[PDB]
Every structure is written in C-alpha cells, then in structure tokens.
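These notes concern the structure reproduced below.
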Amino acid sequence: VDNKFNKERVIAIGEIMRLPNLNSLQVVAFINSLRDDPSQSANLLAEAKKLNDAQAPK
C-alpha cells in the first residue's frame, strides 16, 4: 500500500487496456495519464474510450 493510485489505476488501466482500437502507445499513454493524474483516471478511460472510438486504428 502507498496511494489510491494503484486502485484507481487498476480500474482505469483495466478500462483502458480493454480498448481494442488504441495502439499500445495510446493504451500506455493512458497508463501514463493515470499516474500523471489518478483523479482523472476516470476521465482518461473517458478520453481513451473517446480515443478508441476516435482513432479506430485499423
């Protein structure tokens, strides 16, 4: 234990890692955004989900 980051991040990384469109970098970019802001980890999948949908990297 240390911070609520991991818990927020598990949920979020788990949400973001689910994204089948994003490239690992974006997917990772989000992993990076979570630590850059765990409070926004929730926004980040929001972004990610928007990214996933927006990029749709076929």
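Within each chain, counting starts at residue 1; across the structure tokens, chains are named A, B, ... in the order shown, with ligands numbered 1 upward in that order.
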
* Asked: Leaving out residue A:8 and any residue of its chain fewer than 6 positions from it, which residues lie within 10 Å of it when counting only C-alpha atoms, given as a list in words?
  ->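 Selected residues are residues 14, 34, 35, 37, 38, 39, 40, 41 and 42 of chain A.
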
* In chain A, DSSP helix (DSSP H, G or I) residues written as an MDAnalysis selection string -> chainID A and resid 5:18 24:36 41:55

Find the residues around residue A:57 up to 8 Å (only C-alpha atoms counted), leave out those fewer than 6 positions away in its own chain, and share them as a PDB file with N, CA and C atoms, in the first residue's frame.
ATOM      1  N   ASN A  21      -9.083  -0.654 -29.961  1.00  0.00           N
ATOM      2  CA  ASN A  21      -8.664   0.180 -31.095  1.00  0.00           C
ATOM      3  C   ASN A  21      -7.281   0.760 -30.882  1.00  0.00           C
ATOM      4  N   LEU A  22      -7.158   1.555 -29.833  1.00  0.00           N
ATOM      5  CA  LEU A  22      -5.905   2.226 -29.488  1.00  0.00           C
ATOM      6  C   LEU A  22      -4.678   1.363 -29.687  1.00  0.00           C
ATOM      7  N   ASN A  23      -3.578   2.039 -29.988  1.00  0.00           N
ATOM      8  CA  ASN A  23      -2.299   1.375 -30.125  1.00  0.00           C
ATOM      9  C   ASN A  23      -1.742   1.260 -28.732  1.00  0.00           C
TER      10      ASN A  23
END

* Which residue of A:58, A:44, A:1, A:52 approaches residue A:13 most closely, using only C-alpha atoms ->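 The answer is A:44, which sits nearest to residue A:13.
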
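Taking atom CA of residue A:9 and atom CA of residue A:27 as the two end points, the separation is 12.6 Å.
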